[PDB]
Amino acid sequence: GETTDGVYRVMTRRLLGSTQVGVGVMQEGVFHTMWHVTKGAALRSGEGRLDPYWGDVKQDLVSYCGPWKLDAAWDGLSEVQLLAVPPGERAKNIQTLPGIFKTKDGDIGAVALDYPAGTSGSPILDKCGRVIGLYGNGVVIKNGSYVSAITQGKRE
């Protein structure tokens, strides 16, 4: 199948028509997405098959064909871009200054941008174009708005 680096839509034909359930990143021969997008199921890329390699429900991440490759981190000061890939719409970069999720185990960057659920897995980038995390796991705040964590895995 297609193994070229880049952002991909994650589609299903089980429901009505062809529905976009999420998004992911192909880097160094590995496909990276959020666990809630695929639930760990196998993926198809043309005539080829992508099998899960690593996954974790608590981190809400999963990699296919190999170990997690993305290790860039938000520097805690600079603006970033969400490369949003919404269902039925073209890829579009949105620039923002991330906020912060403060937890009992440390602070995590967060992006306050609202997209349909099928946009989960879109990458968040730094100014060098490095993927610092994926968009799509977060919280609904006091005004009905959506705030996603900047979710990053660990490169072993």
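Each residue number is its position in the shown sequence, starting from 1.
Visitor: May I ask you to compare 53-61 and 123-131 by their mean CA B factor in the entry and name the higher one?
Guide: Looking at the record's C-alpha B-factors, the answer is 123-131.
Visitor: Would you tell me which stretch averages the higher CA B-factor in the PDB entry, 105-113 or 26-34?
Guide: Here the higher of the two C-alpha B-factor means belongs to 105-113.
Visitor: Determine, from the deposited record, the chain-internal third of the Cα B-factor for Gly136: lowest, middle or highest.
Guide: CA B-factor rank for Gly136: lowest third.
Visitor: Name the third of the chain's ranked CA B-factors that contains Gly48, choosing lowest, middle or highest.
Guide: According to the entry, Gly48 has a C-alpha B-factor in the chain's highest third.
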